[PDB]
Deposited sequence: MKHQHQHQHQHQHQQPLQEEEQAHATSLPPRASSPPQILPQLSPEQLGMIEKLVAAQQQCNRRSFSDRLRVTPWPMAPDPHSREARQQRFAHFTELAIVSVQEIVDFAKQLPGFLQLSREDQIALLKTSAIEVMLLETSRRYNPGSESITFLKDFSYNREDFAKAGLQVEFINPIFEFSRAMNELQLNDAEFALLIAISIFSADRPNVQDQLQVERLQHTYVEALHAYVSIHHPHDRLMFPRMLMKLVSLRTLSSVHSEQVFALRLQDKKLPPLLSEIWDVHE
């Protein structure tokens, strides 16, 4: 697997696009309702806080997808189809990127880490929380860098098998270029481990199952009469 100039430049742009997308959302992330003892008030503010982290994350996911080669040449209909369903997967990937093995926590905001109990307190059910942290544990063992995450995210977005994709041929053709790019990149980063490439790809399999568990989470919110904010409701509610 021979890393070409075209692939190298492309991986670097993704990595720079991701860093550029994050600074664009610095101010919007500054006005997230602050994380707050035992009241209906307190559990709404934590839920508000978490959902507002997710809102900004979707902003970043959209921005990053616009910089993906071939993404904007898809119809806007196909663009929406891809993002609606990959967003949770991209978010779970970014979550696993920020995992702290020692404390089994996730560091979203910089001086502030969230463990399993904090997720529960933020409104999430344990049937979703536990698999997030298990997936995050397993992903941490793989020690992916910026480049491998950027490409895993791109591969996840360019999935021809999402609901309602029209140009399945082209979406698949685009995914393949990021698969090859990853294959070639992982041959430089891990030249004595031909398993690292397929192990990364295999995590997309685990992600599909987390997506399904997430749908059950969104359904439980309905029964809790806990309403998602408009962007999350638009992409996640039935």
item: Deposited-sequence stretches lacking C-alpha coordinates, listed in sequence order; value: 1 to 39, 76 to 79, 282 to 283
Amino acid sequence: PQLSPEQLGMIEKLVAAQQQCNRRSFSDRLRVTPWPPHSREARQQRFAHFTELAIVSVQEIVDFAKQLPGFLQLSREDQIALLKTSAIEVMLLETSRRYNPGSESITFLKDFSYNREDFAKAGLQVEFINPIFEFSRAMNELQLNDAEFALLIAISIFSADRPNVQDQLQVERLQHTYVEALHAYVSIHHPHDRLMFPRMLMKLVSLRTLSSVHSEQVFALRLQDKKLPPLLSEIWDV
From here on, numbers count along this sequence of modelled residues.
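Each form is matched to the other, and the largest set of C-alpha atoms that superpose within 1.5 Å is called the rigid core.
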{"query": "Larger mean CA deviation from the shown form in 5 other deposited structures of this protein [core fit; 92 to 100 vs 107 to 115]", "finding": "107 to 115"}
{"query": "Greater Cα displacement in 5 other deposited structures of this protein once the core is superposed, comparing 41 to 49 with 209 to 217", "finding": "41 to 49"}
{"query": "Check: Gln175 without coordinates in a third or more of other entries", "finding": "no"}
{"query": "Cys21 not built in a third or more of the other entries", "finding": "yes"}
{"query": "Between the two ranges 52 to 60 and 23 to 31, the one averaging a larger CA B factor in the entry", "finding": "23 to 31"}
{"query": "Mean C-alpha B-factor comparison - 137 to 145 and 72 to 80, higher one", "finding": "137 to 145"}
{"query": "Among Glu89, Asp167, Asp111, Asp161 - the residue whose C-alpha B-factor is largest in the record", "finding": "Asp111"}
{"query": "Identity of residue with top Cα B-factor, from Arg199, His176, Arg43, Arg208", "finding": "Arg43"}
{"query": "Relative C-alpha B-factor of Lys203, binned into the chain's lowest, middle or highest third", "finding": "lowest"}
{"query": "Assigned third (lowest, middle, highest) for the C-alpha B factor of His190", "finding": "middle"}
{"query": "CA B-factor placement of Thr85, once the chain's modelled residues are sorted into thirds", "finding": "lowest"}
{"query": "Record-listed C-alpha B factor of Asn130: chain third", "finding": "middle"}
{"query": "Chain third (lowest, middle, highest) by recorded CA B-factor, residue given as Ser96", "finding": "middle"}
